[PDB]
Protein chains: 2
Amino acid sequence: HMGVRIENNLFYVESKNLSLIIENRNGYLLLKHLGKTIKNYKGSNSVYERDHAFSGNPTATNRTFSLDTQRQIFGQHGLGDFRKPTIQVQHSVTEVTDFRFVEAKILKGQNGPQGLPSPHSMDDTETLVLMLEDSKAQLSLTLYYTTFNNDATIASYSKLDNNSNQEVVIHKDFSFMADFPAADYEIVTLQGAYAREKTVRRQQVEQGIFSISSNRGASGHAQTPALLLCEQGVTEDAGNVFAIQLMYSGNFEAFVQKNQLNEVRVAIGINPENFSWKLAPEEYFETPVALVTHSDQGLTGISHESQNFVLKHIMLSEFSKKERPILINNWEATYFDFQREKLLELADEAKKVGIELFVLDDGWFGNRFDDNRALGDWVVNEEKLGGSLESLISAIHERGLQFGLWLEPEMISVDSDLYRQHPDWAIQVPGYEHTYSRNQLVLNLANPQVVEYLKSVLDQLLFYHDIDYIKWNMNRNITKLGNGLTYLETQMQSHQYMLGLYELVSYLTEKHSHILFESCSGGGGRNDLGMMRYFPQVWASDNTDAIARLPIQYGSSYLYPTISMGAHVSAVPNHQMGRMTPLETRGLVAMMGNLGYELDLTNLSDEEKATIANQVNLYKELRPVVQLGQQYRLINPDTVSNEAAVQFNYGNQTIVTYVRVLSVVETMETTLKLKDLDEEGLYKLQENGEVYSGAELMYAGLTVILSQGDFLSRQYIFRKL
Amino acid sequence: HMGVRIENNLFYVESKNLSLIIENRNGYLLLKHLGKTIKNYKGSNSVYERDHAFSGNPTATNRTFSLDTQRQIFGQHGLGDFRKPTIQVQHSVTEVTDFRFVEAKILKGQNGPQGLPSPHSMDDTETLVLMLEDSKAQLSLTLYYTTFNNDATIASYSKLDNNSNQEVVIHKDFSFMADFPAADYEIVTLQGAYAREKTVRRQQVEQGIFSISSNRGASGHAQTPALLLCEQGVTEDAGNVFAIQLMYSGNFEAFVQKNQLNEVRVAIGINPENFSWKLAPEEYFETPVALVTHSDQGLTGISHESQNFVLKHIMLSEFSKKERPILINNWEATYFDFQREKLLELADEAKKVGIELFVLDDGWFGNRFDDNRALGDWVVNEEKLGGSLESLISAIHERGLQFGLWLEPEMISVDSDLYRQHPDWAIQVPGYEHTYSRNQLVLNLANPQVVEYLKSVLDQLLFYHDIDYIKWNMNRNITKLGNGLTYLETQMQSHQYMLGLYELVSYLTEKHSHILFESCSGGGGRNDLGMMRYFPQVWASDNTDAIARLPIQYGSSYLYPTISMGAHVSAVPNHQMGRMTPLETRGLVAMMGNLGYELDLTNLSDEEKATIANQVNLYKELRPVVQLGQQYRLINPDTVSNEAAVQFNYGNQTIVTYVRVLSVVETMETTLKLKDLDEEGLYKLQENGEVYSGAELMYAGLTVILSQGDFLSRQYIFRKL
Ligand SMILES: OC[C@H]1O[C@H](O[C@@H]2[C@@H](O)[C@@H](O)O[C@H](CO)[C@@H]2O)[C@H](O)[C@@H](O)[C@H]1O
Ligand SMILES: OC[C@H]1O[C@H](O[C@@H]2[C@@H](O)[C@@H](O)O[C@H](CO)[C@@H]2O)[C@H](O)[C@@H](O)[C@H]1O
Ligand SMILES: OC[C@H]1O[C@H](O[C@@H]2[C@@H](O)[C@H](O)O[C@H](CO)[C@@H]2O)[C@H](O)[C@@H](O)[C@H]1O
Ligand SMILES: OC[C@H]1O[C@H](O[C@@H]2[C@@H](O)[C@H](O)O[C@H](CO)[C@@H]2O)[C@H](O)[C@@H](O)[C@H]1O
């Protein structure tokens with residue numbers, strides 16, 4: 001049985017194959033167990049209470065009880081625990097609180113923080129409600145833990161109520177924390193950089209504090225809101241992993257602290273940097289949702305658990321199991337230099353090769369002839385489009401293609417009518433020059449007038465035009481915070497910006513629910529689970545190099561389903577890397593993702609056109625396997641590997657893609673073994689017609705043969721008989 | 001003072017900054033110290049003698065003296081030492097010997113084993129002669145250790161005399177052995193493969209036995225006769241290294257054994273595999289020369305020590321400091337498909353770009369139109385050469401080029417007149433079919449008639465033709481050993497083959513000492529210090545890819561001077577790797593070696609011709625710096641590095657070559673610091689005219705800037721003012 005149970009002083013939060021067991025000890029909440037299901041928990045792994053030097057106590061006479069040494073589910077500073085705190089509220093002359101458990105409730109079905117992205121499809125869930133109070137400060141903190149009956153994930157968030165007669169200020173308020181017992185641990189995170197997104201990083205947990213964080217106002221290219229605490233020696237196939245993740249797209253921190261006793265604290269939430277939150281009497285603050293996910297089946301186990309939870313409970317139901325259109329995007333194809341003739345000719349070529357959707361990228365609005373002006377001016381450039389957008393769309397529709405359109409609503413150019421009319425709408429500090437980034441500024445979405453304006457302009461665009469798809473961009477990070485009437489309002493504006501964004505995108509995605517919205521932030525600059533609540537695919541990276549895409553796709557699909565992961569076949573030499581790669585390899589690499597095209601089809605040879613038509617035909621066949629199937633990493637593209645290989649299973653279809661980076665000589669061929677087949681199953685390999693048992697493919701494997709050369713690839717396609 | 005000293009029961013072998021101190025303990029020889037100079041040695045690091053269980057004793061009553069636990073300089077089996085032995089002689093019913101020290105002598109000046117390559121320029125050397133006897137077996141073993149006054153190297157070899165009235169058989173006889181005290185050690189070796197020669201390998205010394213060996217009858221592509229025993233944590237710049245090397249080109253073994261007490265034995269010599277040696281009464285056997293070289297300046301220290309010793313005492317004096325000609329070789333250019341017109345046209349183009357030497361590769365002799373016939377038939381194909389070789393050579397000379405010629409004297413084709421006349425000259429076993437390799441057979445150079453024939457044919461070729469250069473090839477390994485009249489003669493034939501080879505090549509190189517002989521064995525299949533005694537350069541690898549050449553050159557110049565290391569600019573796509581690389585990078589990579597050219601100059605554009613002419617002009621300038629200067633590795637090309645950088649210093653000239661393998665994006669530029677400059681020196685960088693102090697270049701370093709793209713390179717050229 002799954003759900004929530006209250007049994008004497010234990011609370012059991014029971015998801016599928018994952019339990020959190022909390023003990024109420026005289027108002028203090030102790031983490032007894034987080035991990036595989038245990039019923040009738042007795043306490044075999046309880047903390048041994050002893051006098052630990054310099055670890056102090058809530059009472060004078062009992063030296064062996066200390067919040068410095070108890071395992072907890074939230075952290076305070078000032079009561080004897082010196083580990084990093086996760087709740088810290090200023091009230092009167094102090095930022096000491098002492099929240100004590102008073103009452104527990106259980107909810108059933110949907111719930112979550114208002115104004116923030118949270119799980120859906122929650123009918124078969126229960127939520128533990130732990131009501132804590134600080135009687136002196138007259139504050140309440142309420143913790144929520146939600147079970148899921150179909151996934152090894154628990155969701156968490158909290159609400160802080162000010163029940164006092166004075167203003168209070170939240171300084172720290174994370175979404176999840178767990179104290180894990182001293183043991184050897186490794187951590188996996190996804191970091192990297194622009195054009196190197198979601199680089200998989202693994203390291204040993206060491207004494208001290210390790211953290212990843214964004215202070216950019218977006219989660220960022222260089223860190224993902226995820227931290228995987230792993231059993232020493234974890235592999236793809238074996239060992240315990242706990243993934244903590246955050247459904248938030250602004251400033252966040254994830255940290256792991258190893259203290260003086262070798263104990264380990266992990267937490268994730270809103271970054272303390274650039275954050276404070278004023279609460280007037282009777283006001284409350286709810287944190288974004290955190291997730292804790294578990295597998296005992298290594299890193300592939302955690303990928304599957306995380307992907308499944310995302311597909312079922314985050315990504316929009318309307319799209320989570322819907323094959324996504326193969327698109328053409330004109331950006332790398334033309335940049336800003338296009339007009340109607342060029343567009344329809346590209347559309348003609350796209351239709352001939354069987355592409356499904358035509359996306360008009362940057363440059364269609366205002367006087368956007370380059371990237372130095374016009375953001376904020378969402379007026380159609382009818383001169384450039386050679387008539388109305390309506391007439392363009394009709395043209396695209398009549399050629400048999402869906403129509404998509406680029407927006408960047410959060411941004412404003414100094415050189416724009418919007419800025420001329422409302423210069424105060426930009427994020428800025430009185431008496432300081434702007435800081436520029438791609439020669440543009442960020443709109444203050446903490447300003448309700450800004451949100452109202454964007455809802456209006458965009459609702460107008462979407463209702464008056466037959467648009468099938470939106471690409472929602474965001475091309476710089478936030479500087480010069482000073483739009484508040486007070487310092488505290490400025491400290492709130494980064495989170496209020498996010499609330500404004502979510503109000504905006506939840507409104508539009510809900511009001512226009514037939515439209516496929518793809519998120520973007522110079523590629524993967526905001527590829528997190530907050531955005532994926534509303535945008536069921538993401539432009540994974542501006543780097544469209546087939547080879548540079550290998551580690552990027554590795555990371556981008558590590559916790560997120562492949563279906564989310566936009567990938568385009570682009571021109572050579574590649575625009576980012578300056579590299580020639582075979583068209584075959586560009587195709588096979590993009591086909592490990594959500595396939596599209598981004599090159600000038602009108603300038604290709606007849607042969608290159610035929611190749612792309614063949615690629616499109618192939619992917620129409622593989623699309624369900626890739627987008628709806630189960631992903632298995634076989635060879636990981638990292639810093640030292642010269643190879644990449646990824647398998648997908650879906651019913652009677654099994655495919656495997658193999659890529660080799662550098663040509664090798666006098667080196668024995670790799671043996672590549674498949675996973676998760678029926679030993680007794682019979683698998684017919686398309687290329688040679690041979691039938692192999694699943695046992696053979698899994699335990700003997702394929703001798704991988706290639707010619708001489710860099711960046712070569714091949715694909716194996718099997719049908720189970 | 002350096003040289004040899006005998007002081008009571010200590011013998012001191014004293015080279016520059018390296019001493020071997022041996023103690024005579026009642027006929028047993030103990031290794032007291034090998035390492036930095038110590039005078040007046042007292043024995044601070046003596047073995048503590050105790051009863052070690054299962055370590056037995058030469059006398060009944062003294063359980064604390066055991067050859068199982070004493071550090072020694074040669075190893076026997078059967079007297080209580082169970083570490084791997086380095087001398088083992090069968091006599092009568094046993095292969096137990098008990099060699100006991102009887103007498104020491106000191107020689108001055110040159111000496112070495114007859115018939116085997118050994119150091120030259122030995123006027124300032126002394127040799128310790130340790131005469132050992134086994135009175136029962138009536139055998140003598142004499143050990144030789146030679147000092148050098150200008151290098152931290154000691155040379156060693158031994159002679160075994162049969163003074164008995166019966167035949168005896170040597171089963172094991174290594175050239176050097178040392179027992180090192182228990183400590184943490186790493187080892188560096190050079191292994192790899194064909195087209196991947198001299199791959200630098202580093203690992204921890206572990207309990208048990210690690211070895212590299214050849215049983216191929218040549219030292220081989222996959223292992224070099226070298227083993228570096230290193231202090232834990234050695235770097236390029238710091239820590240103790242002991243390099244043991246062998247001046248031999250046949251079957252060898254190097255091993256490191258960590259025993260039950262954590263002690264470490266290292267040895268190098270003739271491989272026991274495929275070796276036995278019969279001695280009739282009064283006959284003797286001398287082993288090849290081993291070298292032990294030391295540095296306390298890390299791996300660059302050992303490179304310098306090894307290179308210096310090779311330049312001064314191995315490589316021919318006639319060439320060791322002589323700039324080597326920039327050559328054109330036609331092999332990759334035409335393969336077998338050439339005639340006189342094509343040759344002279346290539347020669348014309350070579351002259352225009354300033355090339356100095358023209359080498360005619362395979363296919364000029366017998367009916368060698370492919371690689372399936374004619375080896376053994378060293379008759380000029382006057383039809384193919386369009387007249388006599390004499391007339392061809394005159395033509396090449398008149399165009400201003402030296403002339404070079406390809407030979408493979410050790411080999412015979414089934415389809416050849418030589419085989420038709422003397423089928424028994426091939427290495428073979430009566431009643432077994434041939435084993436084939438590149439469809440050719442190996443000549444039995446253990447057969448004195450074979451050696452006489454080759455001396456004659458080749459002396460004739462060289463005296464009747466004005467040849468400036470020879471490329472001496474050897475394109476397969478030895479199979480089917482059975483040419484002996486007895487089993488024992490067969491067991492001797494692999495070493496006798498080597499003696500035959502050395503007799504042949506010492507004769508020809510001496511009799512034709514103006515000719516530059518470059519050794520070759522499908523590239524680096526026999527690139528060892530035995531060959532380098534007679535052949536002052538070597539074709540480092542058939543792999544002429546600029547990028548694949550990086551780890552190859554790293555290894556090929558690790559212990560051997562750059563001047564030895566043949567490197568050719570070749571065509572793209574590269575014939576081995578199937579890869580396009582910039583001509584600039586092919587040039588800069590080959591210029592880190594001994595530069596030549598190997599592509600069809602007649603088929604290049606006018607631009608590619610101008611580029612090569614520029615490369616030749618440049619290298620004429622850099623040649624002394626590269627060939628005669630001091631080499632400093634700055635970034636090593638290994639399995640994980642994406643970079644390579646090598647510096648050369650020579651008087652007032654400092655150059656640095658940098659190569660990046662894969663294009664990178666959003667990655668901060670590398671900072672490359674130079675080494676071994678004068679802090680106060682002023683260094684003018686050619687490209688920008690800026691003057692930097694040596695301190696700046698060494699301690700701040702160069703920000704390395706590149707455009708986008710794979711396989712890019714650049715060079716920095718400095719002049720000290
Ligand atoms: O749910 C826990 C809290 O409940 C009460 O306040 C809530 C407030 O948080 C918000 O949900 O608005 C509703 C509307 O009725 C309630 O006022 C308590 O005041 C808090 O102390 C806390 O228990
Ligand atoms: O040099 C040590 C040996 O000297 C004597 O033999 C040598 C022999 O090795 C070889 O060098 O030929 C010369 C020619 O006179 C000598 O015979 C002893 O017979 C050996 O026992 C050994 O001492
Ligand atoms: O402007 C259209 C373009 O926007 C985003 O990419 C850009 C990139 O082209 C430019 O070079 O840099 C900025 C940041 O400096 C952005 O990354 C989209 O990601 C891209 O797909 C395209 O739509
Ligand atoms: O035959 C001339 C050729 O000999 C050696 O190379 C060859 C190589 O070309 C061929 O492909 O393989 C055999 C072994 O199978 C040899 O490696 C020389 O090294 C080369 O320079 C050339 O002279």
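Numbering of ligands and ligand atoms starts at 1, following listing order. Values below: every heavy atom of this structure, side chains too, minus hydrogens, waters and symmetry copies. The chains referred to below are lettered A, B, ... by the order of the sequence lines, with proteins before strands, and numbering in each begins at 1.
Distance screen at 4.0 Å: atom 9 (O) of ligand 1 has a protein heavy-atom neighbour inside the cut-off. Within 4.0 Å of atom 17 (O) of ligand 1, not a single protein heavy atom is present.
In this structure, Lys384(A) satisfies the cation-pi test against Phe338(A), with its NZ or CZ atom closer than 6.0 Å to the six-membered ring centre and inside 45 degrees of the ring normal. In this structure, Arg368(B) is not positioned above the aromatic face of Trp331(B) in the sense of NZ or CZ being under 6.0 Å from the six-membered ring centre and within 45° of the axis.
With hydrogens left out, the protein atom closest to atom 1 (O) of ligand 4 is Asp362(B) OD2, 2.6 Å, a heavy atom. The single protein non-hydrogen atom nearest to atom 16 (C) of ligand 4 is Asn475(B) OD1, 3.4 Å, given as residue, atom name and distance. Closest to atom 7 (C) of ligand 1 among all protein heavy atoms lies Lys159(A) NZ, 4.0 Å. Nearest non-hydrogen protein atom to atom 2 (C) of ligand 1 is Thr142(A) OG1, 3.5 Å. The protein atom (non-hydrogen) at minimum distance from atom 21 (O) of ligand 1 is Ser140(A) OG, 2.8 Å. Distance from atom 12 (O) of ligand 1 to its nearest protein heavy atom, with residue and atom name: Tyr284(A) CE2, 3.9 Å. Looking only at protein heavy atoms, the nearest one to atom 3 (C) of ligand 1 is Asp161(A) OD2, 3.3 Å. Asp542(A) OD2, 2.7 Å is the protein heavy atom nearest to atom 17 (O) of ligand 3. Summary of contacts: the protein heavy atom closest to atom 10 (C) of ligand 4 is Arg438(B) NH2, 3.8 Å. For atom 22 (C) of ligand 4, the nearest protein heavy atom (residue, atom name, distance) is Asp361(B) OD2, 3.4 Å.
Within the 4.5 Å cutoff, no side-chain heavy atoms of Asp161(A) are placed close to those of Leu139(A).
Residue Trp331(B) has at least one nitrogen or oxygen atom sitting less than 3.5 Å from a nitrogen or oxygen atom of ligand 4, judged on distance alone. The N/O atoms of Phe336(B), backbone and side chain alike, include none that comes under 3.5 Å of an N/O atom in ligand 4.
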Query raised in the report: Going through the checks in order, is the side chain to side chain contact (heavy atoms under 4.5 Å, CB included) test met by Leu405(B) and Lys471(B)?
Result: CA-CA 6 Å; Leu405(B) 189 63; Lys471(B) 180 182 168 182; over 6 Å; no
Report task. Start with the C-alpha distance between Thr97(A) and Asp134(A), add both sets of side-chain angles, then the distance that settles side-chain hydrogen bond (donor to acceptor under 3.5 Å, both in side chains), and finish with yes or no. Result -> CA-CA 6 Å; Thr97(A) 53; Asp134(A) 177 332; 4.8 Å; no
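Less than 4.0 angstrom separates some heavy atom of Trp539(A) from each of these atoms of ligand 3: 19 (O), 21 (O). The contact set between ligand 3 and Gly523(A), taken as ligand atoms under 4.0 Å from a residue heavy atom, comprises 19 (O). Listed by atom number, the atoms of ligand 3 under 4.0 Å from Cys520(A) heavy atoms are 18 (C), 19 (O). Per-residue contacts place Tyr194(A) under 4.0 angstrom from the following atoms of ligand 3 (heavy atoms of the residue considered): 17 (O).
At a cut-off of 3.5 Å, with distance as the only test, no side-chain donor of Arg476(A) or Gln440(A) sits close to an acceptor on the other residue. No hydrogens or angles considered: a donor-acceptor pair under 3.5 Å links the side chains of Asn473(A) and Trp406(A). Judged by distance alone, the side chains of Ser219(A) and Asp528(A) do bring a donor and an acceptor atom under 3.5 Å apart. With no hydrogens or angles considered, no side-chain donor-acceptor pair links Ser437(A) and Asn477(A) at under 3.5 Å. A donor-acceptor contact under 3.5 angstrom links the side chains of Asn372(A) and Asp370(A), judged on distance only. Between the side chains of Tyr157(A) and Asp173(A), not a single donor N or O lies within less than 3.5 Å of an accepting N or O. Inspection of the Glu408(B) and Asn475(B) side chains reveals an N or O donor paired with an N or O acceptor under 3.5 Å.
Residue-ligand proximity: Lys471(A) is placed with a non-hydrogen atom under 4.0 Å from ligand 3. Residue contacts with ligand 3 include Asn473(A), since one of its heavy atoms falls under 4.0 Å from the ligand.
For the pair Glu410(A) and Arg526(A), the salt-bridge criterion is met [side-chain N within less than 4.0 Å of a carboxylate O].
For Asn163(A), every heavy-atom contact with ligand 1 shorter than 4.0 Å involves the side chain, none the backbone.
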